[PDB]
There are 4 protein chains.
Amino acid sequence: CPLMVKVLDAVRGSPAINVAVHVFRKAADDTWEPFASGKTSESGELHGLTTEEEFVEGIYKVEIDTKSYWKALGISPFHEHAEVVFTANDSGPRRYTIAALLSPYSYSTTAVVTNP
Amino acid sequence: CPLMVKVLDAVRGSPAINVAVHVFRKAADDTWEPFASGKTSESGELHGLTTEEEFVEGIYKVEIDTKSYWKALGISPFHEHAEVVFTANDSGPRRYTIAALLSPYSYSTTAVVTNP
Amino acid sequence: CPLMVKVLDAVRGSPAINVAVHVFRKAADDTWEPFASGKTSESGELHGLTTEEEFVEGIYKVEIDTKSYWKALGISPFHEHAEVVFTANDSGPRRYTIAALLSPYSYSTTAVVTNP
Amino acid sequence: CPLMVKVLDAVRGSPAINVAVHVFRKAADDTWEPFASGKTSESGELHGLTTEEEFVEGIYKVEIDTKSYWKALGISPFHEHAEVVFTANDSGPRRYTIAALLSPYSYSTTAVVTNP
């Protein structure tokens, strides 16, 4: 996995399960092109989004569907989603973990970037 | 003042000064239309973005130019910017503060929604 | 006002009101001596803790009674309290704001240190 | 592992390596008794602190030596340490992950609690 997404629920102290995630890549015409998508597992993690070959240099947007998550639990949250936008692989291939910690009116997001 | 933005620097323990902030409103054709913008003050705050009359219900995006902020400090950042996307809802009287706490590889954002 | 405390509720998106806060100073015998205390206001803030004359260099602990706050909302929390431990340092003129952002299973704290 | 500690560096976007961690348990005389200690690995993780048998009900304090971490990297940080205080195993054995995300003037801490 060059790209992994991990989501935690700060209300429950648990992984955030079945959270939809959409990844986009900025295209040559400056539009966001769909890149990959999936749902977090029972561990809060989403693996297998992409491959080293496919995950070329670019500007990527990871959209985490936080509103849907909260609504399914009976909470009416503030944000529509969490968007994480970043340049990847500009100095060669890296491994990226995009973590998000969710509360109904607040979230944090962190990147952990390692060189394989 | 129905909408205020406040930005903090977690590395220096200080307000984040002179940070560019752009607000957008979602248009009927589903595109993001410029709405308001400014730069944070010495206190890390951006006031005067809008008025009660203009700030109607809808979907808004607040984009905080974090990357330029870090680059001005000589510190290599991860994110292109921080994006905060939410629905403004009339539910009796409301003031929205969008707070952001910035680190080079991490940020949090919180909505503080109060009735004057 | 050299020392202020501000507390936010990430679940409700609001100031955290009526939160007990105790400040301690480390004594020569290495024990924590009561220094100041109060309850956060409607704005989530606790002012008037100390004066410039009393707030001498030393090691301080700010204890925020998070557990009682959550229990008053009916929400089961993880932490007994949030503890913020730091050295006050004279380095020209300084004001310290100790900010805390609370969720049931998570909190952040930030120091905003400014020169008036 | 009934108790694991994970620490990340928000400046570098990397695990926080070789961070000292001390765990205490509140004794019958209301003093903090040493329970376990160790250092984070290359992954930012500290495993093997305790066993299910040893990790009885109680009030525990996890002290993360953040000041030492930052100073070894040439940063003069705000906090002395991060202290995480909580009741454990009050409704039976659980698995606890105590995570901390560090910046020089700010940290967040989260607990992930699972039932084996």
# chains A, B, ... in the order shown; residues from 1 in each chain; ligands from 1

$ closest_atom_pairs --of "chain A" --to "chain C" --cutoff "8 Å" --atoms "only C-alpha atoms" --output "CSV"
residue,atom,partner,partner_atom,distance
A:10,CA,C:105,CA,5.1
A:11,CA,C:104,CA,5.1
A:12,CA,C:105,CA,6.5
A:13,CA,C:105,CA,5.1
A:103,CA,C:11,CA,5.7
A:104,CA,C:11,CA,5.1
A:105,CA,C:13,CA,5.0
A:106,CA,C:10,CA,5.3

$ write_last_selection --atoms "N, CA, C and O atoms" --output "PDB file, in the first residue's frame"
ATOM      1  N   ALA A  10     -13.741   9.745  17.778  1.00  0.00           N
ATOM      2  CA  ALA A  10     -13.336  10.331  19.053  1.00  0.00           C
ATOM      3  C   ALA A  10     -14.456  10.353  20.103  1.00  0.00           C
ATOM      4  O   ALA A  10     -14.185  10.655  21.275  1.00  0.00           O
ATOM      5  N   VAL A  11     -15.700  10.079  19.695  1.00  0.00           N
ATOM      6  CA  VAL A  11     -16.818   9.981  20.609  1.00  0.00           C
ATOM      7  C   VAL A  11     -16.872   8.641  21.283  1.00  0.00           C
ATOM      8  O   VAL A  11     -17.029   8.519  22.501  1.00  0.00           O
ATOM      9  N   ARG A  12     -16.601   7.607  20.454  1.00  0.00           N
ATOM     10  CA  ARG A  12     -16.694   6.265  20.953  1.00  0.00           C
ATOM     11  C   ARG A  12     -15.363   5.670  21.387  1.00  0.00           C
ATOM     12  O   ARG A  12     -15.395   4.645  22.089  1.00  0.00           O
ATOM     13  N   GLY A  13     -14.245   6.236  20.950  1.00  0.00           N
ATOM     14  CA  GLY A  13     -12.947   5.625  21.163  1.00  0.00           C
ATOM     15  C   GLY A  13     -12.813   4.313  20.444  1.00  0.00           C
ATOM     16  O   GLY A  13     -12.440   3.279  20.995  1.00  0.00           O
ATOM     17  N   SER A 103     -14.899  13.960  15.297  1.00  0.00           N
ATOM     18  CA  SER A 103     -15.972  14.305  16.248  1.00  0.00           C
ATOM     19  C   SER A 103     -17.070  15.027  15.482  1.00  0.00           C
ATOM     20  O   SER A 103     -16.826  15.485  14.346  1.00  0.00           O
ATOM     21  N   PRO A 104     -18.261  15.155  16.082  1.00  0.00           N
ATOM     22  CA  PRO A 104     -19.333  15.737  15.215  1.00  0.00           C
ATOM     23  C   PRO A 104     -19.070  17.141  14.731  1.00  0.00           C
ATOM     24  O   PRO A 104     -19.480  17.464  13.596  1.00  0.00           O
ATOM     25  N   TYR A 105     -18.406  17.990  15.531  1.00  0.00           N
ATOM     26  CA  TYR A 105     -18.107  19.380  15.139  1.00  0.00           C
ATOM     27  C   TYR A 105     -16.643  19.706  14.938  1.00  0.00           C
ATOM     28  O   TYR A 105     -16.206  20.866  14.882  1.00  0.00           O
ATOM     29  N   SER A 106     -15.815  18.638  14.803  1.00  0.00           N
ATOM     30  CA  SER A 106     -14.384  18.835  14.735  1.00  0.00           C
ATOM     31  C   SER A 106     -13.725  17.618  14.167  1.00  0.00           C
ATOM     32  O   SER A 106     -14.172  16.490  14.420  1.00  0.00           O
TER      33      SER A 106
END

$ calpha_fit_and_write --fixed "chain B" --moving "chain A" --output "short mmCIF file (atom, residue, chain, number, x, y, z; two decimals) with N, CA, C and O atoms, in the first residue's frame"
data_model
loop_
_atom_site.label_atom_id
_atom_site.label_comp_id
_atom_site.auth_asym_id
_atom_site.auth_seq_id
_atom_site.Cartn_x
_atom_site.Cartn_y
_atom_site.Cartn_z
N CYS A 1 -20.15 39.75 13.32
CA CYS A 1 -19.60 38.66 12.53
C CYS A 1 -20.40 37.39 12.67
O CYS A 1 -20.28 36.66 13.63
N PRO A 2 -21.21 37.09 11.67
CA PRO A 2 -21.73 35.70 11.58
C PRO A 2 -20.70 34.65 11.25
O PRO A 2 -20.96 33.46 11.45
N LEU A 3 -19.56 35.04 10.70
CA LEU A 3 -18.50 34.09 10.31
C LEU A 3 -17.12 34.65 10.62
O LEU A 3 -16.73 35.70 10.12
N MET A 4 -16.39 33.93 11.47
CA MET A 4 -15.06 34.33 11.86
C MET A 4 -14.14 33.11 11.67
O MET A 4 -14.56 31.99 11.93
N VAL A 5 -12.91 33.33 11.32
CA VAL A 5 -11.90 32.27 11.16
C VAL A 5 -10.71 32.63 12.04
O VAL A 5 -10.23 33.72 12.06
N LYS A 6 -10.26 31.63 12.83
CA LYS A 6 -9.12 31.78 13.75
C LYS A 6 -8.11 30.70 13.45
O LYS A 6 -8.48 29.52 13.37
N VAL A 7 -6.84 31.06 13.33
CA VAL A 7 -5.83 30.09 12.98
C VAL A 7 -4.65 30.24 13.97
O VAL A 7 -4.17 31.32 14.19
N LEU A 8 -4.19 29.11 14.50
CA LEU A 8 -3.07 29.04 15.42
C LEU A 8 -1.95 28.15 14.85
O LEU A 8 -2.24 27.19 14.05
N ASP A 9 -0.73 28.48 15.22
CA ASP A 9 0.48 27.76 14.84
C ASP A 9 0.93 26.90 16.04
O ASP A 9 1.29 27.46 17.07
N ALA A 10 0.83 25.57 15.86
CA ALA A 10 1.17 24.62 16.92
C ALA A 10 2.68 24.41 17.09
O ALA A 10 3.09 23.77 18.07
N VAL A 11 3.49 24.88 16.14
CA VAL A 11 4.93 24.82 16.24
C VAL A 11 5.48 25.92 17.10
O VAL A 11 6.31 25.72 17.99
N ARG A 12 4.89 27.12 16.89
CA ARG A 12 5.37 28.27 17.59
C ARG A 12 4.58 28.61 18.84
O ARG A 12 5.10 29.41 19.65
N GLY A 13 3.37 28.10 18.99
CA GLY A 13 2.48 28.52 20.06
C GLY A 13 2.09 29.96 19.93
O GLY A 13 2.19 30.77 20.85
N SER A 14 1.62 30.30 18.73
CA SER A 14 1.31 31.69 18.41
C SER A 14 0.16 31.70 17.41
O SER A 14 -0.10 30.69 16.75
N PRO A 15 -0.55 32.82 17.34
CA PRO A 15 -1.49 32.98 16.24
C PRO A 15 -0.75 32.79 14.90
O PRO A 15 0.45 33.14 14.77
N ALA A 16 -1.50 32.28 13.91
CA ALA A 16 -0.94 32.15 12.55
C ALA A 16 -1.33 33.43 11.77
O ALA A 16 -2.53 33.63 11.52
N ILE A 17 -0.38 34.28 11.49
CA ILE A 17 -0.63 35.62 10.96
C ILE A 17 -0.51 35.58 9.47
O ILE A 17 0.35 34.87 8.92
N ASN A 18 -1.35 36.41 8.83
CA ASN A 18 -1.31 36.61 7.38
C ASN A 18 -1.57 35.35 6.60
O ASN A 18 -1.04 35.15 5.52
N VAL A 19 -2.47 34.53 7.12
CA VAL A 19 -2.89 33.32 6.45
C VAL A 19 -4.05 33.67 5.54
O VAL A 19 -5.07 34.25 5.98
N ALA A 20 -3.94 33.33 4.25
CA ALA A 20 -5.02 33.61 3.32
C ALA A 20 -6.16 32.63 3.53
O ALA A 20 -5.94 31.42 3.71
N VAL A 21 -7.36 33.13 3.47
CA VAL A 21 -8.57 32.36 3.62
C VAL A 21 -9.54 32.71 2.49
O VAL A 21 -9.82 33.88 2.25
N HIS A 22 -10.09 31.70 1.83
CA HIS A 22 -11.11 31.88 0.80
C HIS A 22 -12.34 31.13 1.17
O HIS A 22 -12.27 29.96 1.47
N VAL A 23 -13.47 31.80 1.06
CA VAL A 23 -14.75 31.20 1.36
C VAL A 23 -15.54 31.08 0.05
O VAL A 23 -15.61 32.06 -0.74
N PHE A 24 -16.18 29.94 -0.13
CA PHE A 24 -17.03 29.63 -1.29
C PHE A 24 -18.41 29.19 -0.80
O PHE A 24 -18.51 28.66 0.28
N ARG A 25 -19.41 29.36 -1.67
CA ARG A 25 -20.74 28.94 -1.44
C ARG A 25 -21.20 28.11 -2.61
O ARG A 25 -20.99 28.52 -3.76
N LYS A 26 -21.79 26.95 -2.35
CA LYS A 26 -22.24 26.07 -3.42
C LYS A 26 -23.42 26.70 -4.16
O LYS A 26 -24.41 27.10 -3.56
N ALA A 27 -23.24 26.82 -5.47
CA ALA A 27 -24.26 27.48 -6.27
C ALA A 27 -25.29 26.49 -6.73
O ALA A 27 -25.15 25.31 -6.51
N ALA A 28 -26.32 27.00 -7.43
CA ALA A 28 -27.42 26.18 -7.86
C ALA A 28 -26.98 25.14 -8.83
O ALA A 28 -27.58 24.11 -8.91
N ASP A 29 -25.94 25.43 -9.61
CA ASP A 29 -25.40 24.46 -10.58
C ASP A 29 -24.35 23.51 -10.00
O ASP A 29 -23.61 22.83 -10.78
N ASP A 30 -24.26 23.49 -8.66
CA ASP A 30 -23.36 22.59 -7.89
C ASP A 30 -21.88 22.93 -8.01
O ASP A 30 -21.02 22.08 -7.74
N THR A 31 -21.58 24.16 -8.43
CA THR A 31 -20.22 24.66 -8.48
C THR A 31 -19.95 25.55 -7.23
O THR A 31 -20.86 26.09 -6.59
N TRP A 32 -18.71 25.66 -6.86
CA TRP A 32 -18.31 26.53 -5.77
C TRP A 32 -18.10 27.93 -6.26
O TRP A 32 -17.22 28.21 -7.08
N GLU A 33 -18.94 28.83 -5.77
CA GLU A 33 -18.88 30.22 -6.16
C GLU A 33 -18.13 31.02 -5.09
O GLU A 33 -18.35 30.82 -3.88
N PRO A 34 -17.25 31.93 -5.50
CA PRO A 34 -16.59 32.73 -4.52
C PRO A 34 -17.54 33.54 -3.69
O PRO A 34 -18.48 34.11 -4.20
N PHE A 35 -17.28 33.55 -2.40
CA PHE A 35 -18.18 34.20 -1.42
C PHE A 35 -17.48 35.35 -0.71
O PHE A 35 -18.04 36.42 -0.58
N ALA A 36 -16.32 35.07 -0.17
CA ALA A 36 -15.51 36.09 0.55
C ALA A 36 -14.13 35.60 0.71
O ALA A 36 -13.89 34.40 0.66
N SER A 37 -13.23 36.52 1.05
CA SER A 37 -11.87 36.15 1.31
C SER A 37 -11.18 37.20 2.16
O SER A 37 -11.66 38.32 2.32
N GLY A 38 -10.06 36.81 2.72
CA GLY A 38 -9.25 37.73 3.50
C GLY A 38 -8.03 37.10 4.10
O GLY A 38 -7.66 35.98 3.69
N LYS A 39 -7.33 37.79 4.99
CA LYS A 39 -6.11 37.29 5.62
C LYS A 39 -6.23 37.40 7.13
O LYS A 39 -6.79 38.34 7.61
N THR A 40 -5.67 36.43 7.84
CA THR A 40 -5.68 36.53 9.28
C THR A 40 -4.80 37.73 9.76
O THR A 40 -3.77 38.01 9.21
N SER A 41 -5.24 38.34 10.87
CA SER A 41 -4.55 39.46 11.46
C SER A 41 -3.43 39.00 12.39
O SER A 41 -3.15 37.77 12.51
N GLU A 42 -2.85 39.94 13.12
CA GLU A 42 -1.80 39.67 14.13
C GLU A 42 -2.32 38.77 15.26
O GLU A 42 -1.53 38.07 15.92
N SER A 43 -3.64 38.71 15.44
CA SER A 43 -4.25 37.86 16.45
C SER A 43 -4.57 36.46 15.90
O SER A 43 -5.15 35.63 16.63
N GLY A 44 -4.31 36.22 14.61
CA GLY A 44 -4.70 34.95 14.02
C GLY A 44 -6.12 34.90 13.54
O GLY A 44 -6.60 33.84 13.17
N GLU A 45 -6.84 36.03 13.65
CA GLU A 45 -8.27 36.07 13.40
C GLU A 45 -8.60 36.82 12.11
O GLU A 45 -7.89 37.74 11.69
N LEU A 46 -9.69 36.36 11.48
CA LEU A 46 -10.19 37.04 10.28
C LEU A 46 -11.65 37.31 10.55
O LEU A 46 -12.47 36.39 10.70
N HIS A 47 -11.91 38.60 10.62
CA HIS A 47 -13.21 39.18 10.90
C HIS A 47 -13.72 39.86 9.61
O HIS A 47 -12.95 40.24 8.69
N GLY A 48 -15.02 40.09 9.60
CA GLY A 48 -15.61 40.95 8.55
C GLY A 48 -15.74 40.30 7.20
O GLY A 48 -15.98 40.95 6.22
N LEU A 49 -15.72 38.97 7.18
CA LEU A 49 -15.93 38.24 5.92
C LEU A 49 -17.27 38.48 5.27
O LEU A 49 -17.35 38.61 4.03
N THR A 50 -18.32 38.57 6.10
CA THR A 50 -19.67 38.66 5.63
C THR A 50 -20.60 39.34 6.62
O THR A 50 -20.20 39.80 7.68
N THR A 51 -21.84 39.50 6.20
CA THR A 51 -22.89 40.13 7.02
C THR A 51 -23.96 39.12 7.23
O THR A 51 -24.06 38.13 6.50
N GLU A 52 -24.79 39.35 8.22
CA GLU A 52 -25.97 38.53 8.41
C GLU A 52 -26.85 38.44 7.15
O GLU A 52 -27.40 37.37 6.87
N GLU A 53 -27.00 39.56 6.42
CA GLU A 53 -27.86 39.62 5.24
C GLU A 53 -27.31 38.72 4.10
O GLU A 53 -28.04 38.00 3.44
N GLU A 54 -26.01 38.80 3.89
CA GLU A 54 -25.35 38.12 2.80
C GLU A 54 -25.21 36.59 3.07
O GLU A 54 -25.18 35.78 2.16
N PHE A 55 -25.07 36.22 4.35
CA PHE A 55 -24.71 34.90 4.78
C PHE A 55 -25.95 34.05 4.92
O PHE A 55 -26.42 33.76 6.04
N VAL A 56 -26.55 33.76 3.78
CA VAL A 56 -27.77 33.03 3.70
C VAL A 56 -27.52 31.55 3.93
O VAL A 56 -26.36 31.05 3.98
N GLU A 57 -28.55 30.76 4.02
CA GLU A 57 -28.45 29.30 4.04
C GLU A 57 -27.66 28.81 2.88
O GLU A 57 -27.80 29.32 1.79
N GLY A 58 -26.89 27.76 3.09
CA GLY A 58 -26.14 27.17 2.03
C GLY A 58 -25.08 26.24 2.50
O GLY A 58 -24.91 26.02 3.68
N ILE A 59 -24.37 25.69 1.56
CA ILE A 59 -23.17 24.89 1.81
C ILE A 59 -21.98 25.74 1.52
O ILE A 59 -21.90 26.34 0.44
N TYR A 60 -21.08 25.88 2.51
CA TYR A 60 -19.98 26.76 2.43
C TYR A 60 -18.72 25.93 2.56
O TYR A 60 -18.66 24.90 3.22
N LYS A 61 -17.68 26.44 1.93
CA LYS A 61 -16.33 25.87 2.01
C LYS A 61 -15.35 26.98 2.42
O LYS A 61 -15.30 28.05 1.76
N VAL A 62 -14.65 26.77 3.52
CA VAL A 62 -13.63 27.68 4.00
C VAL A 62 -12.30 27.03 3.71
O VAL A 62 -11.97 25.98 4.25
N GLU A 63 -11.55 27.65 2.80
CA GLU A 63 -10.25 27.13 2.37
C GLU A 63 -9.17 27.99 3.02
O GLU A 63 -9.07 29.17 2.76
N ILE A 64 -8.35 27.35 3.84
CA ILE A 64 -7.28 28.01 4.53
C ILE A 64 -5.98 27.64 3.87
O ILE A 64 -5.61 26.47 3.77
N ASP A 65 -5.23 28.63 3.45
CA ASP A 65 -4.03 28.44 2.65
C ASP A 65 -2.80 28.15 3.51
O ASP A 65 -1.92 28.95 3.68
N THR A 66 -2.80 26.92 4.04
CA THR A 66 -1.81 26.49 5.01
C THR A 66 -0.43 26.32 4.32
O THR A 66 0.60 26.60 4.90
N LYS A 67 -0.44 25.83 3.05
CA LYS A 67 0.85 25.59 2.39
C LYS A 67 1.68 26.89 2.25
O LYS A 67 2.85 26.93 2.58
N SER A 68 1.02 27.94 1.80
CA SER A 68 1.64 29.24 1.65
C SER A 68 2.20 29.76 2.99
O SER A 68 3.29 30.33 3.07
N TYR A 69 1.41 29.58 4.05
CA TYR A 69 1.82 29.95 5.43
C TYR A 69 3.18 29.30 5.81
O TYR A 69 4.14 29.98 6.19
N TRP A 70 3.21 27.97 5.67
CA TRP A 70 4.42 27.23 6.05
C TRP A 70 5.58 27.54 5.18
O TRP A 70 6.72 27.59 5.67
N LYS A 71 5.36 27.65 3.88
CA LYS A 71 6.47 27.89 2.95
C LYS A 71 7.19 29.24 3.23
O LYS A 71 8.42 29.31 3.16
N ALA A 72 6.40 30.27 3.57
CA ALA A 72 6.89 31.60 3.93
C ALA A 72 7.73 31.55 5.19
O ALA A 72 8.54 32.41 5.39
N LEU A 73 7.49 30.59 6.04
CA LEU A 73 8.38 30.31 7.17
C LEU A 73 9.51 29.28 6.94
O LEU A 73 10.15 28.94 7.90
N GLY A 74 9.72 28.77 5.73
CA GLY A 74 10.85 27.80 5.43
C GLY A 74 10.54 26.33 5.71
O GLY A 74 11.46 25.48 5.83
N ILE A 75 9.25 26.03 5.83
CA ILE A 75 8.83 24.68 6.09
C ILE A 75 8.09 24.20 4.81
O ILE A 75 7.26 24.90 4.23
N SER A 76 8.39 23.00 4.43
CA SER A 76 7.80 22.36 3.31
C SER A 76 6.69 21.42 3.94
O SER A 76 6.95 20.32 4.41
N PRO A 77 5.42 21.87 3.98
CA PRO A 77 4.37 21.10 4.65
C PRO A 77 3.70 20.05 3.75
O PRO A 77 3.91 20.01 2.52
N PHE A 78 2.89 19.22 4.37
CA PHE A 78 2.23 18.15 3.71
C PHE A 78 1.03 18.58 2.87
O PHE A 78 0.86 18.21 1.68
N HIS A 79 0.13 19.31 3.50
CA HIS A 79 -1.17 19.60 2.87
C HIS A 79 -1.10 20.83 1.95
O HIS A 79 -0.32 21.78 2.17
N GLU A 80 -1.96 20.84 0.93
CA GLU A 80 -2.08 22.04 0.08
C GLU A 80 -2.80 23.20 0.80
O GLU A 80 -2.43 24.35 0.67
N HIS A 81 -3.87 22.82 1.47
CA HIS A 81 -4.70 23.69 2.22
C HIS A 81 -5.53 22.90 3.17
O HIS A 81 -5.54 21.72 3.07
N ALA A 82 -6.21 23.55 4.08
CA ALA A 82 -7.23 22.97 4.87
C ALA A 82 -8.56 23.45 4.34
O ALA A 82 -8.70 24.56 4.05
N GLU A 83 -9.49 22.52 4.12
CA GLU A 83 -10.82 22.82 3.59
C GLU A 83 -11.81 22.44 4.65
O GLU A 83 -11.76 21.35 5.20
N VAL A 84 -12.70 23.35 4.98
CA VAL A 84 -13.71 23.09 5.95
C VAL A 84 -15.10 23.31 5.25
O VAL A 84 -15.38 24.40 4.79
N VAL A 85 -15.86 22.25 5.13
CA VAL A 85 -17.12 22.27 4.40
C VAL A 85 -18.26 21.93 5.30
O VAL A 85 -18.31 20.91 5.99
N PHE A 86 -19.27 22.83 5.22
CA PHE A 86 -20.40 22.72 6.13
C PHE A 86 -21.64 23.42 5.64
O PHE A 86 -21.50 24.38 4.90
N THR A 87 -22.78 22.94 6.06
CA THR A 87 -24.08 23.60 5.90
C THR A 87 -24.17 24.70 6.97
O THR A 87 -23.91 24.46 8.16
N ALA A 88 -24.54 25.89 6.55
CA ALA A 88 -24.80 26.97 7.47
C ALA A 88 -26.19 27.49 7.38
O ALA A 88 -26.79 27.57 6.31
N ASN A 89 -26.68 27.95 8.54
CA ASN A 89 -27.95 28.72 8.66
C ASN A 89 -29.23 27.98 8.25
O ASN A 89 -30.27 28.58 7.98
N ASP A 90 -29.12 26.64 8.25
CA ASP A 90 -30.23 25.78 7.84
C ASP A 90 -31.42 25.84 8.81
O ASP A 90 -32.53 25.71 8.39
N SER A 91 -31.17 26.08 10.10
CA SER A 91 -32.22 26.30 11.07
C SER A 91 -32.23 27.74 11.59
O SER A 91 -32.43 27.96 12.76
N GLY A 92 -31.99 28.70 10.72
CA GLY A 92 -31.90 30.07 11.09
C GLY A 92 -30.47 30.54 11.22
O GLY A 92 -29.52 29.69 11.27
N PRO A 93 -30.31 31.89 11.33
CA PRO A 93 -28.98 32.49 11.47
C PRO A 93 -28.21 32.01 12.74
O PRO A 93 -28.75 31.93 13.86
N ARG A 94 -26.95 31.65 12.53
CA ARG A 94 -26.07 31.34 13.62
C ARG A 94 -24.76 32.12 13.41
O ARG A 94 -24.48 32.63 12.32
N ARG A 95 -23.95 32.15 14.47
CA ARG A 95 -22.62 32.72 14.47
C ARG A 95 -21.65 31.52 14.45
O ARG A 95 -21.75 30.59 15.25
N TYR A 96 -20.73 31.56 13.49
CA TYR A 96 -19.81 30.50 13.30
C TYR A 96 -18.37 30.96 13.45
O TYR A 96 -17.96 31.92 12.81
N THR A 97 -17.62 30.27 14.32
CA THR A 97 -16.21 30.42 14.38
C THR A 97 -15.56 29.13 13.88
O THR A 97 -15.88 28.06 14.40
N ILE A 98 -14.76 29.26 12.84
CA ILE A 98 -14.00 28.17 12.28
C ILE A 98 -12.57 28.37 12.73
O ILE A 98 -11.91 29.30 12.38
N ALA A 99 -12.14 27.47 13.61
CA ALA A 99 -10.80 27.47 14.11
C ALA A 99 -9.96 26.38 13.49
O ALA A 99 -10.48 25.29 13.16
N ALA A 100 -8.69 26.68 13.25
CA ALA A 100 -7.72 25.72 12.76
C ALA A 100 -6.44 25.83 13.54
O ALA A 100 -5.94 26.91 13.82
N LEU A 101 -5.89 24.66 13.85
CA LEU A 101 -4.63 24.52 14.59
C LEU A 101 -3.67 23.79 13.66
O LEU A 101 -3.88 22.63 13.33
N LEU A 102 -2.60 24.47 13.29
CA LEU A 102 -1.70 24.00 12.23
C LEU A 102 -0.36 23.47 12.67
O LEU A 102 0.34 24.13 13.43
N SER A 103 -0.02 22.31 12.13
CA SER A 103 1.36 21.80 12.16
C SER A 103 1.76 21.41 10.75
O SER A 103 0.87 21.27 9.88
N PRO A 104 3.06 21.22 10.50
CA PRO A 104 3.39 20.99 9.06
C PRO A 104 2.77 19.76 8.45
O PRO A 104 2.44 19.80 7.25
N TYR A 105 2.61 18.67 9.22
CA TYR A 105 2.01 17.42 8.71
C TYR A 105 0.67 17.05 9.30
O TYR A 105 0.17 15.91 9.19
N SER A 106 0.01 18.04 9.95
CA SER A 106 -1.21 17.75 10.66
C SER A 106 -1.96 19.02 10.93
O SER A 106 -1.35 20.06 11.18
N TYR A 107 -3.29 18.98 10.86
CA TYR A 107 -4.09 20.08 11.39
C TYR A 107 -5.38 19.58 12.01
O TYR A 107 -5.88 18.52 11.71
N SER A 108 -5.91 20.36 12.97
CA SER A 108 -7.23 20.11 13.41
C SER A 108 -8.04 21.35 13.12
O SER A 108 -7.48 22.44 13.01
N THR A 109 -9.34 21.17 12.98
CA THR A 109 -10.28 22.23 12.79
C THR A 109 -11.52 21.98 13.61
O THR A 109 -11.98 20.88 13.69
N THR A 110 -12.03 23.04 14.22
CA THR A 110 -13.16 22.97 15.10
C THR A 110 -14.11 24.08 14.72
O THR A 110 -13.70 25.09 14.27
N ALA A 111 -15.38 23.82 14.90
CA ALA A 111 -16.40 24.82 14.74
C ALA A 111 -17.05 25.11 16.07
O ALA A 111 -17.42 24.18 16.77
N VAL A 112 -17.21 26.38 16.37
CA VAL A 112 -17.99 26.84 17.50
C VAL A 112 -19.15 27.62 16.93
O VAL A 112 -18.97 28.59 16.19
N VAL A 113 -20.34 27.13 17.23
CA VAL A 113 -21.59 27.62 16.65
C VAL A 113 -22.44 28.13 17.80
O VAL A 113 -22.75 27.38 18.72
N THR A 114 -22.81 29.40 17.74
CA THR A 114 -23.65 30.01 18.77
C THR A 114 -24.88 30.68 18.12
O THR A 114 -24.87 31.04 16.94
N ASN A 115 -25.93 30.77 18.91
CA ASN A 115 -27.16 31.40 18.52
C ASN A 115 -27.27 32.80 19.10
O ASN A 115 -27.50 32.93 20.28
N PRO A 116 -27.17 33.87 18.25
CA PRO A 116 -27.13 35.29 18.73
C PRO A 116 -28.35 35.75 19.56
O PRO A 116 -29.34 35.03 19.66
#
